[PDB]
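Chains as they are written, first to last, in full-length UniProt numbering: chain A, 1 to 73; chain B, 1 to 73; chain C, 1 to 73. Quick reminder that beta carbons are idealized off the backbone N, C-alpha and C, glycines included.
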Amino acid sequence: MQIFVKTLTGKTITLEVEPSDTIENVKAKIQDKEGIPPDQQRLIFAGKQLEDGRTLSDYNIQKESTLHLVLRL
Amino acid sequence: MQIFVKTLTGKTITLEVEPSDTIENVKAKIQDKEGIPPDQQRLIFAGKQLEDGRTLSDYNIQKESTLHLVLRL
Amino acid sequence: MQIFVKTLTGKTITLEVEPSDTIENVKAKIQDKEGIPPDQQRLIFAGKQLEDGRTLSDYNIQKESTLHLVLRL
């Protein structure tokens, strides 16, 4: 399925994902696309920080859901 | 992250927010906590009125930053 | 909001301020505009000397209110 990832500068990218994908996997895909190390990535959905070991399904992240990406050092 | 919101009577409250949160969202949270309609809320930071559609990141509002809340009719 | 500041020679200037601004901040703005050190500035409103640590709201100083500026050595 597709999900949207929106940055703090208002740019949205799309990712092909499955509900069984972990947040770790998602950050890995974002690295594949944008070259950002997963350690610098923060993903938030419905005001929550998303934990690396949990899946998208765990957070009820569905088709065409929007995650917010916040970079941190 | 946490931000402080200081009122005209010298009371400070705290809000859990993310850089991707809009000013609208922040006023919504203040309504959640205090029952003030967002339309009666004014938020200022560094002498600027904050616009509802912009985000905290847009205004460089970071961790433990202090917003000033001014109520208006 | 805007406030007026009237001098002893009958000159009025305008300042962009917020109710949460302290008298200290106001004197700082007057320094920004006119080069007068805050220590040489006295602000009065409704016959009262205004204290540096208090805010405009504390003194019920509102939109288009007029403060009187008295310089002292």
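query: Beta carbon proximity, B/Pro19 to chain A, threshold 9 Å; result: yes
query: Below-9 Å beta-carbon distance, B/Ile23 vs any chain E residue; result: The displayed structure is made up of protein chains A, B and C, and chain E is not among them.
query: Sufficient close CB pairs (3 or more, under 8 Å) joining the region 53-70 of chain A to the region 34-48 of chain B; result: no
query: Own chain, CB closer than 8 Å to B/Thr14, minus 5 neighbours either side, in chain order; result: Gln2, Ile3, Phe4, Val5
query: Beta-carbon proximity check, A/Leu50 vs A/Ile30, cutoff 9 Å; result: no
query: Closer than 9 Å to chain C by CB, B/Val70; result: yes
query: Contact set between B/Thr55 and chain A, taken where Cβ atoms lie within less than 9 Å; result: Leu8, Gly10
query: In chain order, each alpha helix (DSSP H) run of at least 4 residues that lies wholly inside the region 16-55 of chain A; result: 23-34
query: Start and end residues, beta strand (DSSP E) containing B/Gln2; result: 2-6
query: Nearest-angstrom Cα separation, counted from A/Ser20 out to A/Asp39; result: 21 Å
query: Neighbour list for B/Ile44 in chain C, Cβ cutoff strictly below 7 Å; result: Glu18, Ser20
query: First and last residue of the uninterrupted beta strand (DSSP E) at A/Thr66; result: 66-71
query: Separation of B/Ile36 from C/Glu16, as counted between CA atoms; result: 26 Å
query: Assigned exposure category for A/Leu71 - 16 Cβ within 10 Å defines buried; result: exposed
query: Rounded Cβ spacing between B/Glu18 and A/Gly47 (contact assumed at less than 8 Å); result: 7 Å
query: Close Cβ partners of A/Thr66 (< 7 Å) along its chain, the five nearest in sequence each way excluded; result: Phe4, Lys6
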